[PDB]
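1. Can you look at this? It's an experimental structure, sequence on top.
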Amino acid sequence: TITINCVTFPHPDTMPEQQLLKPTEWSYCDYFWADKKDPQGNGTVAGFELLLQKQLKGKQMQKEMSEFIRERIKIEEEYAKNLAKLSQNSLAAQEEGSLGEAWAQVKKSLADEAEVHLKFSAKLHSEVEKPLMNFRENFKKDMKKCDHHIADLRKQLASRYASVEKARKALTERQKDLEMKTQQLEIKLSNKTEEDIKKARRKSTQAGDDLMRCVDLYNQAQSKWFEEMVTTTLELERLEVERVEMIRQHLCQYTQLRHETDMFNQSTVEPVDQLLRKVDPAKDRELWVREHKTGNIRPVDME
Amino acid sequence: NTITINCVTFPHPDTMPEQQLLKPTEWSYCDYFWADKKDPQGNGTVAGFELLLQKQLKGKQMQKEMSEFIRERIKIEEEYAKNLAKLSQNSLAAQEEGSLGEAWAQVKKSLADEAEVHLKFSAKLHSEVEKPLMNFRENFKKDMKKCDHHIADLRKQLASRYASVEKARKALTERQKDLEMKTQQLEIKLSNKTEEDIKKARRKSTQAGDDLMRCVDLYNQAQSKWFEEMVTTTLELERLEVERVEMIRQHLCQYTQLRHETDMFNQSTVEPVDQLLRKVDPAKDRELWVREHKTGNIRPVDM
């Protein structure tokens, strides 16, 4: 059995299968254990720190997306401001008659249009922009605490590692104290030396009692970092899936708003179309000749 | 017996028989404009046709103004499309990888597609609605002011025949005074000179009558040419106007049509986005990332 950076994997020999925790589905709690070194020589970080960077970049994407929608909204606003300003414009005003009414309704239909696109800007803000920004508001914080809570367990792993090395030398280097009492008692021997085989053999029996406790507490405070590793990577995986589905959801609402917006726009012409059917040249000629006529009597001769 | 205003003779405002309307019901230009009209004040008191021209003119004016309105719309559209295009190239949330990444990418593109649609529309507007409003009877300002002097000239040529009659009706009566006042001077001290003078200033009272004859006959003629020409070249105006109306109608109808199909093609630019959002699978992405960034594969043991 091997040991790299204070965590003991079994040795790369006759490896008993190793059943994956969560099969098929590429679990965060399965494919991240042993650490990884930065391609250079330094920056050799934890088999988890990447999960944080993924999480943080995630909440990051999220924000950039929202910023994008803001830009779209600003665009929209302006488009509406302009259609509005044009809709108030004084052009071709004095056109009288059914045709006049018709033009007028065109000039108005630009205002309707303006509204539609504006309302759309607002629903963008409401249903797409905000819920992206304000989704898990402080999250880089919850993540950076969820970080060093692991880091701390890895430190409490490394101290038990040092604790076993400076209590493994205690055994092996004081086993010279069992060997130097059968090899170096072979000179004097049999005297009041009730200490060479009795006492100094204990530094090879008290030091077994050292490595026992230190490897017990290493192995304990490892499979305590291990289990809180499993569960708080699963918590990440879950939170991630959740993020994806949230973004997907709100993007679907972006398309949805788009869709229904365009639909309400292509409808602001129906009043115009409606008035344009009622446009009758001859009726207008009436409503005008009535109002401006001069005499209906046709001249004769003399005297 | 029969009146005469501004050199044109209508029958007296008594019980004048019916007056068959030229073109009945339909308020024909050649029916309700004969007698002139005064500016509501006292001056200026203008011709009973000038208004028909002024209307034609206001017409081609309206026409222009309308084109200018559409222009503005087009400017607006051009801009909106430009901005949507700039945003479509925008780099936000780029590093989102995975099926969600592709989906987001397609959102950013749909803005370009959209932009395109709105531009294609600004164009269809310029071609099919703006231009045809400006360039409808391009020289109309020419043909109207020729059509003016054709009536106007016949009206001067009338007022002149009228003056010719009046100052030759004065001729008559003043050579009838020189008759009663020369027959009255016969009945006083009767001689030769004041007899031959009665023969003479009495033939001079028939030449003034055979003169008044022609002057009135020619008045009547050069009236019933202004009459005829009035009728038919008013009808020409009525026609032109109507033609205008339905031209404008038609092109507005097309404004709405373009509006319409524009919004329809816009509401289609989301189908790549919707289609891609359904292909969003968190677990698939977790696979494509855990594959490329995995480290540990093997899970720790004891000692």
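-> Yes, it's here. Residues are numbered from 1 along each chain as shown, chains lettered A, B, ... in the order given.
2. Give me the distance between the residue in chain A positioned nearest to chain B and residue A:220.
-> Chain B sits closest to residue A:33 of chain A, with a gap of 2.6 Å, by C-beta to the nearest C-beta. C-beta coordinates here come from the backbone N, C-alpha and C atoms, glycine included. Look at residue A:33 and residue A:220: by C-beta to C-beta, to the nearest Å, they are 18 Å apart.
3. Please compute how far stretch A:63-70 lies from its chain's middle.
-> 13 Å (C-alpha atoms, centre = their mean, to the nearest Å).
4. Actually, stretch A:219-236.
-> Relative to its chain's centre, stretch A:219-236 lies at 23 Å (C-alpha atoms, centre = their mean).
5. could you check whether it is close to chain B?
-> Yes. Judged by C-beta under 8 Å from any C-beta of the partner chain, stretch A:219-236 and chain B are in contact via A:219, A:222, A:223, A:226.
6. quick one: which of residue A:33 and residue A:220 has more around it?
-> Taking neighbours as other C-beta atoms under 10 Å in any protein chain shown, residue A:33 and residue A:220 compare with residue A:33 leading, 21 against 12.
7. ok, that one touching residue B:296?
-> Yes. Judged on C-beta atoms under 8 Å, residue A:33 makes contact with residue B:296 at a distance of 2.6 Å.
8. any shared contact partners between the two?
-> residue A:47 (C-beta atoms under 8 Å, 6 or more residues apart in numbering or on different chains).
9. tell me the contacts of the residue of chain A closest to chain B?
-> Residue A:33 is in contact with A:7, A:9, A:47, A:229, B:295, B:296, B:297, B:298, B:299, B:300, counting by C-beta under 8 Å, 6+ apart.
10. Confirm it sits in a strand?
-> No. Under DSSP: H, G, I helix; E, B strand; the rest coil, residue A:33 sits outside any strand and is assigned coil.
11. Just list the residues touching residue A:143, thanks.
-> Contact analysis of residue A:143 by C-beta under 8 Å, 6+ apart lists A:52, A:55, A:56, A:59.
12. Mind doing that once more with 10 Å?
-> Going by C-beta atoms under 10 Å, 6 or more residues apart in numbering or on different chains, residue A:143 touches A:51, A:52, A:53, A:55, A:56, A:58, A:59, A:136, A:236, A:239.
13. now swap in residue A:154 and tell me
-> Contacts here follow C-beta under 10 Å, 6+ apart; on that basis residue A:154 touches A:5, A:6, A:7, A:35, A:46, A:47, A:48, A:148, A:222, A:225, A:229.
14. For ChimeraX, write the select line for the buried members of those residues.
-> Listed next is the ChimeraX selection for buried residues among the contacts of residue A:154, using 16 or more other C-beta atoms under 10 Å in any protein chain shown:
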select /A:6,7,35,46,47,48,222,225,229
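15. Next, give phi and psi for the residue nearest to the spatial centre of chain A.
-> When C-alpha atoms, centre = their mean is applied to chain A, the residue found nearest the centroid is residue A:58 (2.8 Å). In this entry, residue A:58 is assigned phi and psi values of phi -60, psi -60 (degrees, to the nearest 10).
16. any idea how far it is from residue A:124?
-> Using C-beta to C-beta, residue A:58 is found at 22 Å from residue A:124.
17. and if you look at residue A:190?
-> Look at residue A:190 and residue A:124: by C-beta to C-beta, they are 99 Å apart.
18. For these two, indicate the residue with more neighbours.
-> Neighbour count, other C-beta under 10 Å: between residue A:190 and residue A:124, residue A:124 has more, with 22 against 6.
19. got the residues of stretch A:219-236 next to chain B as TSV, with secondary structure columns?
-> Output for these, formatted as TSV (three-state DSSP):
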residue	secondary structure
A:219	helix
A:222	coil
A:223	coil
A:226	helix
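20. so what's residue A:91 up against?
-> Per C-beta under 10 Å, 6+ apart, neighbours of residue A:91: A:103, A:107, B:62, B:64, B:65, B:66, B:67, B:68, B:69, B:70, B:71, B:72.
21. Please work out which residues outside stretch A:73-85 touch it.
-> A:109-125, A:128-129, A:261, B:72-73, B:75-77, B:79-84, B:86-87, B:111, B:118.
22. Of these, just the buried ones, PyMOL syntax please.
-> Here is the PyMOL command that selects the buried residues among the contacts of stretch A:73-85 (16+ other C-beta under 10 Å):
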select buried, (chain A and resi 109+110+111+112+113+114+115+116+117+118+120+121+123+124+125+128+129+261) or (chain B and resi 72+73+76+77+79+80+81+83+84+87+111+118)
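23. Mark which of the contacts of stretch A:73-85 are part of helices, please.
-> A:109-124, A:261, B:72-73, B:75-77, B:79-84, B:86-87, B:111, B:118 (DSSP state H).
24. For residue A:34, give me its contacts.
-> The contact partners of residue A:34, taken as C-beta under 10 Å, 6+ apart, are A:4-5, A:7, A:9, A:46-47, B:294-300.
25. Go again with 7 Å.
-> By C-beta atoms under 7 Å, 6 or more residues apart in numbering or on different chains, the contact set of residue A:34 is A:4, A:9, A:47, B:295, B:296.
26. Out of those, flag the one nearest to residue B:250.
-> Proximity of these to residue B:250 (C-beta to C-beta) peaks at residue B:295, which lies at 71.5 Å.
27. Please see if stretch A:278-286 touches chain B.
-> Yes. Among the residues of stretch A:278-286, A:279, A:281, A:282, A:284, A:285, A:286 lie within reach of chain B under C-beta under 7 Å from any C-beta of the partner chain.
28. picking up where we left off before, would you mind putting the contacts of residue A:154 into TSV with secondary structure alongside?
-> Compiled in TSV, the contacts of residue A:154 are given as follows (three-state DSSP):
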residue	secondary structure
A:5	coil
A:6	coil
A:7	strand
A:35	coil
A:46	coil
A:47	coil
A:48	coil
A:148	helix
A:222	coil
A:225	helix
A:229	helix
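29. residue boundaries of the helices in chain A?
-> With DSSP H as the criterion, chain A has helices at A:49-87, A:97-124, A:130-133, A:140-165, A:169-172, A:176-179, A:208-220, A:225-265, A:270-277, A:281-292.
30. Disregarding residues adjacent in the polypeptide, which is nearest to residue A:287?
-> Excluding the flanking residues, the one nearest residue A:287 by C-beta to C-beta, 6 or more residues apart in numbering or on different chains is residue A:97, at 5.7 Å.
31. residues contacting the one you found?
-> Shown in contact with residue A:97 (C-beta under 7 Å, 6+ apart): A:284, A:287, A:288.
32. Please produce TSV containing those, extended by neighbour count.
-> As requested, the contacts of residue A:97 are exported to TSV (neighbours: other C-beta atoms under 10 Å in any protein chain shown):
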residue	neighbour count
A:284	21
A:287	14
A:288	17
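33. Would you mind listing which of the contacts of residue A:34 are buried?
-> Of the contacts of residue A:34, these count as buried by 16+ other C-beta under 10 Å: A:9, A:47, B:295, B:296.
34. Any chance of a markdown table for the residues you listed, columns distance to residue A:92?
-> As requested, those are exported to a markdown table (distance: C-beta to C-beta, whole Å):
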| residue | distance to residue A:92 |
| --- | --- |
| A:9 | 83 |
| A:47 | 73 |
| B:295 | 72 |
| B:296 | 75 |
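35. Just to check, residue A:246 is in contact with residue A:134?
-> No. Assessed by C-beta atoms under 7 Å, residue A:246 is found out of contact with residue A:134, at 11.7 Å.
36. okay, these two: which has more neighbours?
-> Between residue A:246 and residue A:134, residue A:246 has the larger neighbour count (other C-beta under 10 Å), namely 15 against 9.
37. Just want the phi and psi numbers for the closest residue in space to that one that isn't next to it in sequence.
-> In this structure, residue A:246 finds its nearest non-sequential neighbour in residue A:135, 6.3 Å apart by C-beta to C-beta, 6+ apart. When read as degrees, to the nearest 10, the backbone of residue A:135 gives phi -120, psi 110.
38. what sits against the residue nearest to residue A:163 when sequence neighbours are not counted?
-> Spatial nearest neighbour of residue A:163, chain neighbours left out: residue A:214 (4.7 Å); criterion: C-beta to C-beta, 6+ apart. Applying C-beta under 7 Å, 6+ apart to residue A:214 gives the contacts A:160, A:163, A:164, A:167.
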